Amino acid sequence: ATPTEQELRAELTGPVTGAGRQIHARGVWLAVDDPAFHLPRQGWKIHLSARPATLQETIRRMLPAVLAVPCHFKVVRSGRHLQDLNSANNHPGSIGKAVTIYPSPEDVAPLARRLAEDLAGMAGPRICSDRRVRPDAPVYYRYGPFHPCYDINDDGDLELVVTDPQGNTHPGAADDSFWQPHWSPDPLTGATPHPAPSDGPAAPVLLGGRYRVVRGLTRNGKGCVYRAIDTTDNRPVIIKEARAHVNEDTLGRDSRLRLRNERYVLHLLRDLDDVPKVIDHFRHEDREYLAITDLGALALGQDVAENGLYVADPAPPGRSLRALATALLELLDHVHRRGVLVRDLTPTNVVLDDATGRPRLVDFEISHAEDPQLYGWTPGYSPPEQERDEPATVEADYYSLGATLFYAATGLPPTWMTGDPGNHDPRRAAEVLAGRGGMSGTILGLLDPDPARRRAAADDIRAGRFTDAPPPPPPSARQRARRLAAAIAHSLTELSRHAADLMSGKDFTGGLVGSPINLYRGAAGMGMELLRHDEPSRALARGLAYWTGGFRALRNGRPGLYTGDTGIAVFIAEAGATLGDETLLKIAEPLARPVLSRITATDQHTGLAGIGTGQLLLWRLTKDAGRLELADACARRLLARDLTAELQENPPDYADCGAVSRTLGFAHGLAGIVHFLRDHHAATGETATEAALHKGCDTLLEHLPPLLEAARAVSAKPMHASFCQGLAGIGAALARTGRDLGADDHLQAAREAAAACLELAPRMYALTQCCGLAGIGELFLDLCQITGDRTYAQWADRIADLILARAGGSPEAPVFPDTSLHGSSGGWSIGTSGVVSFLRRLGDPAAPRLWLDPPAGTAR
């Protein structure tokens, strides 16, 4: 049926006035409120699952029970709304929560049972976040908040929480997992959380079903597909999962039927050796499972990550791009000849052989056999025609092959952003794929928007006549500088937009999302950068400063510099100062003044080190003796326990996803502490801090060479060069300890780190300050400032060329993507604000680096 607001409204407006509970809709809900029922702030709520046609029938079936008691409740706006809400794509844990019912605690226990028996036989998804009453009915229940209350986490972000009897917040958040609280019971059946042993040995119990053992392998949504072992064979198997009524089409085709389409296509491809075999298909209760064969250990995504790029003609044996193209199109030709379209050939759906490393196709979820056609596409890799569910064509497959080869040749996907008309411009891909891989023009033709050109390129491929096309640089700065100017202009307007969206409250919509104030994500960093610009941007900065000052008032917070209050105070004070606004200075005066004996954290991101640096920035701003006093307290409390943290990682193994950062990095490791103690020694010249400075710098140099060799490996990853986590942060710290302590050793270490970063640049995923190109370029032009080499200037220019070549919306309107890749945001560390910071200093190298160098003249 997929009904609209009107049908649901009618069926409601009936009985609703029968008990006189006036109705209204907000966001996505249509809610009715009993006047005799006072809705509490949290408790046990009832979720009814359903789907469109079952939604209309569900409304009708449920009214009898719900109006029999005093309670409040909300209903979904429409079946299109319930379709998005039942799609895995956006929120995986809020699928099936079609109707929510809030009654009084005693009333819950019976009401749930009555609703069950009266909805017995109604069908809908399973709500993973709730317990269920009976397996014949679509009735579930949870403990959670009824009003959207938020408390702040150690990250600085705002989280939905429920409150315990001692007033302590608890993320009542729906984590696709139900947890009952210790204080209240469980209205239908009393219960408790943890077993008799307390802080004693624990052994989690996980096991397979009929005759398959499992091992993870996918995040969320339609189905957690699993790697497995076949006990009656002990062969390795792969198990695809489908959850009933998830991803239900406008024709009533749900994920299970996608799985059946996949089984059917696999049967139609039964005689191909590079396609999975279907072994078994079984359902359990309400979950369908398709058991196919294991076809290699690594996808192309993972393989290009850990085994390097696919390069022109020769290069290492496995890594020949032309070999890859030929094999892929041979296989694709086989599939097409069998009357099947892949529709979704992407680096994650090609598995290379464990021995020969030859491509094999998997995931035929949306593949085409007969002409009903399944909707579905993969951002950036699927052609736009597929975004607009147009008739599948062979040339669609050719396009996605071109994109898969693009990734194999560069290690990142073709830039695609939600809502950007430029998404599929081939010149845009040209700028990133800078002639590399040998064949380039051929793969650019595979991505050409004219389908005939894709056919011609695939012809080139089958013939063996590949096209090797190159890219050109930028006119002796004049046009490069014109491009930078326009980049900054449009980014500024985009920032006005993001700032308005922040202060108007839009993104607060997300349950469990965002930090509106701090430096890392919120207004503080945004406005700090906005200050360095024209009078409109400075007006927006003053606005953001007052906004943050008020928002911070009378709510709980954290003391961090990147997560918390110290950065907020630095921003507000700095804005007051440069604007000449004494009331902003008054507002900042009481802000970042923590206990410090409570803070156990010692890193730049959230504790002591970053707090100390921020307090020194404030002192240099305000000549406030309390601020220097706090910075000195930071150094003093940081020298107490150096030894233990070095030697506390023995059971965790190497891979160093956490270890490289949490031990050495600037954000979380001792590079930032080195940076702070250097700052403090400059400010004061204390004799004790100097010793620790030498100790930490020496240990940094001690451990650096392995990291440098790691970054220069094929196996190397962006993490290695990042400012937050890897080499860029360490280099930025050492560039300054050298200078200030007159150490040649330190500056040389910085130079080597800088160069490793230079080589990792193009492979970097994000463009942002914490995780991407801007942090690198910042180290580069830092070194420029310290050691007028001007070769570092050229390096930074390369970084900027990359950043710009990875923007959307063409040059006149760049818009730079988030850590989310597909959209932009205005945050500083993870978004466009920091990118602007870098692009700004590129023309003002004398200006200090933000949050690392102190305020200065000719730099505002």
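One-based numbering along the sequence shown.
The mean C-alpha temperature factor is higher for 67-75 when 452-460 and 67-75 are set side by side. In this entry, the higher average B-factor at the C-alpha atoms falls on 39-47, of the pair 829-837 and 39-47. Each of 380, 411, 470, 437 has a CA temperature factor in the record; the biggest one is found at 470.
Of the candidates 499, 485, 670, 224, it is 224 whose Cα B-factor is highest according to the PDB record. Compared with the other modelled residues of the chain, the Cα B-factor recorded for residue 807 ranks in the middle third. For residue 211, the recorded CA temperature factor ranks within the highest third of the chain's modelled residues. Among the modelled residues of its chain, residue 824 has a C-alpha B-factor that falls in the lowest third according to the deposited record. The PDB entry assigns residue 612 a C-alpha temperature factor belonging to the lowest third of its chain's modelled residues. When the modelled residues of the chain are ordered by their C-alpha B factor, residue 138 lands in the highest third.
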